[PDB]
Amino acid sequence: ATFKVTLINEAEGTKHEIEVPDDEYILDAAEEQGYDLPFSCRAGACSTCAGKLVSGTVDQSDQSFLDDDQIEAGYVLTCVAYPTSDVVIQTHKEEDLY
Ligand code: FES
């Protein structure tokens with residue numbers, strides 16, 4: 001499967017659409033497709049890559065920085081998240097945690 005991923009940057013007011021294989025992390029796919037996103041650790045252990053889900057689901061079992069509560073609130077670490085349905089996500093959300 002290949003899911004459609006819509007990236008929204010609310011502060012600049014941009015929207016980019018990418019197609020992501022089900023076994024590829026969102027970040028990787030964005031980059032290949034021409035869209036640079038913020039990242040540091042690239043390993044699920046920081047908050048740099050944070051986005052917030054608007055709709056759809058992901059699989060981010062490889063993350064380790066977010067707590068249950070944050071994940072439930074919709075936060076996602078884009079560098080370790082596989083889409084598992086079409087997804088609409090707001091990027092550059094790191095500040096939303098502090
Ligand atoms: S780059 Fe650190 S959690 Fe994604």
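Conventions and cut-offs
Residues numbered from 1 in each chain as written, not as in the entry; some residues may be left out. Heavy atoms only, no water. UniProt positions renumbered as here; feature names shortened; annotations may be inferred. Helix = DSSP H or I, 4+ residues; strand = E, 2+ residues; numbered from the N terminus. Buried < 20%, exposed > 50% of the residue type's maximum accessible area, 1.4 Å probe, protein only. Contact = heavy atoms within 4.5 Å.

- Looking at the method and resolution fields of the entry, one finds X-ray crystallography and 2.5 Å.

**Side note on the UniProt feature "binding site: [2Fe-2S] cluster" in the protein**
- This chain's UniProt record puts "binding site: [2Fe-2S] cluster" on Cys41, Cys46, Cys49 and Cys79. A maximum C-alpha distance of 9.8 Å among these annotated residues, which run over 39 residues, shows that they cluster at one spot.
- Residue position: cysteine 41 is located in the loop between α1 (26–32) and β3 (50–55).
- Tracing the backbone through its elements, the reader meets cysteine 49 in the loop between α1 and β3.
- In this structure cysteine 49 comes out as buried when scored by relative accessible area, which is 5%.
- With near-sequence residues (within four places) excluded, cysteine 49 lies in contact with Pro38, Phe39, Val76, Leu77, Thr78 and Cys79.

**Details of unusual backbone geometry**
- Backbone geometry at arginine 42 places phi at a positive 55°, although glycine is not the residue there.
- The residue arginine 42 is located in the loop between α1 and β3 in this model.
- We classify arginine 42 as partly exposed; its relative accessible area is 30%.
- Of note, the phi angle at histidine 92 is positive, near 55°, even though the residue is not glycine.
- Mapped onto the elements, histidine 92 comes out in the segment after β7 (87–90).

**Describing the environment of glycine 44**
- When you line up the elements, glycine 44 lands in the loop between α1 and β3.
- Take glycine 44: its relative accessible area is 0%, and that puts it in the buried class.
- Expressed as a C-alpha distance, the spacing of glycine 44 and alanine 30, which sit 14 residues apart in the sequence, is 17 Å.
- When sequence neighbours within four positions are dropped, the list of residues in contact with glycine 44 reads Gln63, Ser64, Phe65, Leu77, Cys79 and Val80.

**Comments concerning the environment of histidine 92**
- By relative accessible area, which is 40% here, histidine 92 ends up partly exposed.
- Considering only alpha carbons, one finds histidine 92 and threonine 48, 44 residues apart in sequence, at a separation of 7.9 Å.
- Leaving out residues up to four positions away in the same chain, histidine 92 has contacts with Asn9, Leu37, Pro38 and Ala50.

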